[PDB]
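>>> Experimental coordinates follow, after the sequence.
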Amino acid sequence: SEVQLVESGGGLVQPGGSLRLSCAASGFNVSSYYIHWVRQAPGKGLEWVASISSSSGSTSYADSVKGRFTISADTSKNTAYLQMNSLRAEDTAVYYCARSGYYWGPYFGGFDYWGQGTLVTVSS
Amino acid sequence: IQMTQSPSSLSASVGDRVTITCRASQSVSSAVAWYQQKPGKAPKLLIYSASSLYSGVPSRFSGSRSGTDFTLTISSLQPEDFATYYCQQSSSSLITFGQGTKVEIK
Amino acid sequence: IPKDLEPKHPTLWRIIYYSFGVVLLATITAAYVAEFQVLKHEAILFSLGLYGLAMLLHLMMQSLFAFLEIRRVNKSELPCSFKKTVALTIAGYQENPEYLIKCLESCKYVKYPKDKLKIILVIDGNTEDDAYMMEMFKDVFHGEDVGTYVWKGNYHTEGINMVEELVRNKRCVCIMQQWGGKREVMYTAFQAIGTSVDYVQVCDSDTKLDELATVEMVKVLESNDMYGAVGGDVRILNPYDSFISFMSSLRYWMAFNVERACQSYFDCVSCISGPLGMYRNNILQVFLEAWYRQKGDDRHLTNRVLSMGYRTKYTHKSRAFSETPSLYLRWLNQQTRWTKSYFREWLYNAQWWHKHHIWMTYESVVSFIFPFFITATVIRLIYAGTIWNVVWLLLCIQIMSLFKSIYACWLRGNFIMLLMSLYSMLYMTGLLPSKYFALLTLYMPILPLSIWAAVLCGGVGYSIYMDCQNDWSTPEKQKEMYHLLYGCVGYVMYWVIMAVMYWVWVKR
């Protein structure tokens, strides 16, 4: 009905720097839903980055994402934050913050109510 | 640990049934979802949990499974159907996405 | 994946268990028949006391095996991995809004993680006047994935696909259906669960759940893979609602603690409480089709679990507050239904005794054969001809209850268990005729009570007649009269003290 997700923080940064993207949700609480970050490189398909479930502490990262990225959520501000440090050349892409349900068994529900991404440029 | 969208390309006329097949290495306790993305816009979910259809999707997208293979079929190629179709296997601590499968026109 | 299980040598263990049961029954029959030849009305105290010491030894054995299990479960520690999902299935049939909202709040405030807790509520609605339950369910959560369906018929005559997808995909599900009793909603919930979860907890629409109950059930179920079902300690939310309420609470505490801990020491818990129970989804799915077509009890599900080859447990760290009937003859109807379910199953478990410990066979044999022997002894003692016999029979019954209450007080550590002595009067008047009527069946409940009262009064009158037939002016009756008067005054003083302490502990 009114569920939406708006993320910001994208921009141009020097390689090896730091960035902090933030997606704020409207119409629902992030504590009852999963929050995932999806990156789509220019000219390539979607790639998963990280996922977090607030009120439980369950955080997951990709193999090429682990060791440099951190994911967090804040219920008071109802906003999910993704911090990146020591960024490499292959990080310039569009980052999407999308909500979903719970995993349970073999029934998930899919990634519903996506949000328009923001551009990140890690170059000199 | 990896997935393969077999067609990776398609070019059919309107009103022609098309099928997109996705192969996953493991499907023990993971769900497969099919999304649609148009250029310049975020992807839109079509069919959840392999066969279930999402609310608002027209009754022309059919999802099925045959073990390690998952098929999405469009009975008729409506004008608002040419986009990029993505196959995603969702699971805890590991989420994988498909690639390619862009439906062109002819 | 799970299948029926059998021991390594089914024939040897079967033969051993049947031989043990037959030998026990024959031994009991021998002593009662031996008792009639060895002693007559001449030594009633010897005739009864021997039996009292028998019950007392059985009670001490049960208490020891319960205390050992309690100490073992308290000493043992195992941190929860929180990697197993739990689905709470609730049944609704025209429930009171306050009790239902309390149950929903308790289920929503469990300490278990949100991402590993699914909630399903199935209602016997399908009408407009049942929409309040769905509305209350919607307003209670209002935060997670809520899926509500009205439906136009149960599973046995599309809404089936919608129900299945809503249950297996969302977190909070509220499904109403055509009224088919409490079995239909449980079957629908279990069928819609599918393979989404691995642990399923069953709850009713009138229970209050503790925060750590689900965590404790998960912890005890994750300790061993052979466990298939588990239960918890069920308390009473209204211990002071009526006189029968406090007695019901005391009986619930004693039964649950002693019996279930003793059975868990041998992993042979006979019955798992409906309001508080957890089952393996993989085992539950296999017996689900068979259970529905049986010709929805909590003693039947436990019997199916036991017959599947797996063992059931019980932990006292999982607590819940249920309710008990407060209006008379309703507890009697509940007891009659419980007796029918117990008997129709004493018949089920007589088949697979070899699949568990010998304690299951011993308990079943003694529980089946004792009430009849007690009834026969009571009838023989009353139909003797001396007020001495009946007076000392009543005195010995009250003494047995007094030592039972004292042992319960020592075990619990609280002195409130001494008030359980009124259970003797409760059972000696209502429970035995209800059990007999239930056995014969397989207002209505007032007939067995009237029959029991009539036969008891006739026996007392016959004894009084035979006693006054002999002249009491003889010098062989003065001592008997003195002893009878002293025993009667002692009984009156004991009953007065019982009632006085009851009123003191209730009024304050």
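The structure has been received and is ready for your questions. Numbering: from 1, shown residues only, chains lettered A, B, ... in the order given.
>>> check contacts around residue 33.
Unless you meant another one, I'm taking chain A. Each residue near residue A:33 by Cβ atoms under 8 Å, 6 or more residues apart in numbering or on different chains is listed here: A:99-101, C:144-145. In short, each C-beta sits where N, CA and C put it, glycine included.
>>> nope, chain B please
Per Cβ under 8 Å, 6+ apart, neighbours of residue B:33: A:108, A:110-111, B:45, B:47-49, B:87-88, B:90.
>>> picking that back up, within reach of chain B, which of the contacts of residue A:33 are there?
residue A:100 (Cβ under 8 Å from any Cβ of the partner chain).
>>> Among the contacts of residue A:33, name the ones in strands.
With DSSP state E as the criterion, strands contain A:99-100 from among the contacts of residue A:33.
>>> which among the contacts of residue A:33 gets closest to chain B?
The nearest member of the contacts of residue A:33 to chain B, counting by Cβ to the nearest Cβ, is residue A:100 at 7.7 Å.
>>> roughly how far apart are the closest one and residue B:27?
When Cβ to Cβ, to the nearest Å is the yardstick, residue A:100 and residue B:27 sit 19 Å from each other.
>>> mind listing the helices for chain A?
In chain A, no segments count as helices under DSSP state H.
>>> Could you list the contact residues of it toward chain B?
So chain A meets chain B at A:36, A:38, A:44-48, A:51, A:58, A:60, A:96, A:98, A:100, A:103, A:105-112, A:114-117 (Cβ under 8 Å from any Cβ).
>>> Derive a ChimeraX selection command for the buried subset of these.
Buried members of these can be picked out in ChimeraX with the line below, counting by 16 or more other Cβ atoms under 10 Å in any protein chain shown:
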select /A:36,38,45,46,47,48,51,58,60,96,98,100,103,105,106,107,108,109,110,111,112,114,115,117
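>>> Keep only the residues of chain A next to chain B that also lie close to chain C.
Among the residues of chain A next to chain B, the ones lying near chain C by Cβ under 8 Å from any Cβ are A:58, A:103, A:105-109.
>>> Next step: the residues you listed restricted to strands.
residue A:58.
>>> for the ones next to chain C among the residues of chain A next to chain B, which one is nearest chain B?
residue A:108 (3.7 Å).
>>> Enumerate every residue touching that closest one.
A:100-102, B:31, B:33, B:48-49, B:90, C:169.
>>> ok, now with 7 Å
Going by Cβ atoms under 7 Å, 6 or more residues apart in numbering or on different chains, residue A:108 touches A:101, B:31, B:33, B:48-49, B:90.
>>> okay, which residue is most central for chain A?
residue A:37 (2.4 Å; Cα atoms, centre = their mean).
>>> What distance do you get for that residue to residue C:20?
Distance of residue A:37 to residue C:20, given as Cβ to Cβ: 65 Å.
>>> mind listing the strands for the stretch 201-350 of chain C?
C:208-209, C:227-236, C:277-280, C:311-322 (DSSP state E, counting those that start in this stretch).
>>> Let's have these in JSON lines, adding mean neighbour count.
Output for the strands of the stretch 201-350 of chain C, formatted as JSON lines (neighbours: other Cβ atoms under 10 Å in any protein chain shown):
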{"stretch": "strand C:208-209", "mean neighbour count": "22"}
{"stretch": "strand C:227-236", "mean neighbour count": "24"}
{"stretch": "strand C:277-280", "mean neighbour count": "26"}
{"stretch": "strand C:311-322", "mean neighbour count": "22"}
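>>> mind putting those strands in TSV, distance to chain A included?
Formatted as TSV, the strands of the stretch 201-350 of chain C follow (distance: least, Cβ to the nearest Cβ, whole Å):
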stretch	distance to chain A
strand C:208-209	19
strand C:227-236	19
strand C:277-280	14
strand C:311-322	22
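>>> Next, count neighbours for residue 17.
Just so you know, I chose chain A. 12 (other Cβ atoms under 10 Å in any protein chain shown).
>>> nope, chain C please
The number of residues packed near residue C:17 is 20, by other Cβ under 10 Å.
>>> Repeat that for the one 10 residues further on.
Neighbour count of residue C:27, defined by other Cβ under 10 Å: 9.
>>> wouldn't residue A:92 be in contact with residue A:118 here?
No. Assessed by Cβ atoms under 7 Å, residue A:92 is found out of contact with residue A:118, at 11.9 Å.
>>> what's the span of stretch A:87-104, first residue to last?
34 Å (Cα to Cα, to the nearest Å).
>>> how about it: buried residues?
A:87, A:91-104.
>>> Between all of those residues, which two are separated the most?
Distance extremes for these: the farthest pair is A:92 and A:104 at 35.8 Å, using Cβ to Cβ.
>>> Please name the residues that touch residue B:98.
With Cβ under 7 Å, 6+ apart, residue B:98 has these contacts: A:45, B:3, B:5, B:22, B:86-88.
>>> Torsion angles phi and psi at the nearest residue to residue B:104 once chain neighbours are set aside?
Excluding its sequence neighbours, the residue lying closest to residue B:104 (Cβ to Cβ, 6 or more residues apart in numbering or on different chains) is residue B:11, at 4.1 Å. Residue B:11 adopts backbone torsions of phi -150, psi 100, taken as degrees, to the nearest 10.
>>> picking that back up, what residues are bridge-paired with the residue nearest to the centre of chain A?
residue A:50, residue A:97 (DSSP bridges).
>>> Cross-check the contact I'm expecting between it and residue A:98.
No. With contacts counted by Cβ under 7 Å, residue A:37 stays clear of residue A:98, the gap being 8.0 Å.
>>> ok, residue C:241 touching residue C:325?
No. Under the criterion of Cβ under 7 Å, residue C:241 is not in contact with residue C:325, lying 9.4 Å apart.
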